[PDB]
């Protein structure tokens, strides 16, 4: 039920890039992401930190909260859903979100460009696969998908911000 979602990788990442462009239009760090469970989008999110005035509202945190709402609303335990969910995100998850995904036991992340300022899948720290026996489970990554388009959005954002 995991690799069944990977079949539509192009579709999922296209939507994630669409959302990331929206985030850029709204002067947010241009990250878009979707969480897929059994070929169904069970949650999605863009970085909403400036809109919400809350530094923790990264795209992945927003996506996680939506999946948890879906689990609550449909009587599903988060364990069985998140353990078979794939995250598609335009940017390498940062140290904070990498840790959050470990704690949710997301097995697999497909992402675009590196996150050189804050990345937690290798760029700054390797939270994704660090030996952290009390912090959920490591996850695996498929990096580089449409990375060139994704990193151009980041570069545009960081030129516009003060």
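Numbering follows the first chain given and starts at 1.
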item	value
127 to 135 versus 94 to 102 - which carries the larger mean C-alpha B factor in the record	127 to 135
Selected stretch [higher average CA B-factor]: 23 to 31 or 108 to 116	23 to 31
Cα B factor band for residue 46 (lowest, middle or highest third within the chain)	middle
Chain thirds of CA B-factor: placement of residue 81	middle
CA B-factor ranking of residue 60, expressed as a third of its chain	lowest
Residue 151, C-alpha B-factor rank within chain (lowest, middle or highest third)	highest
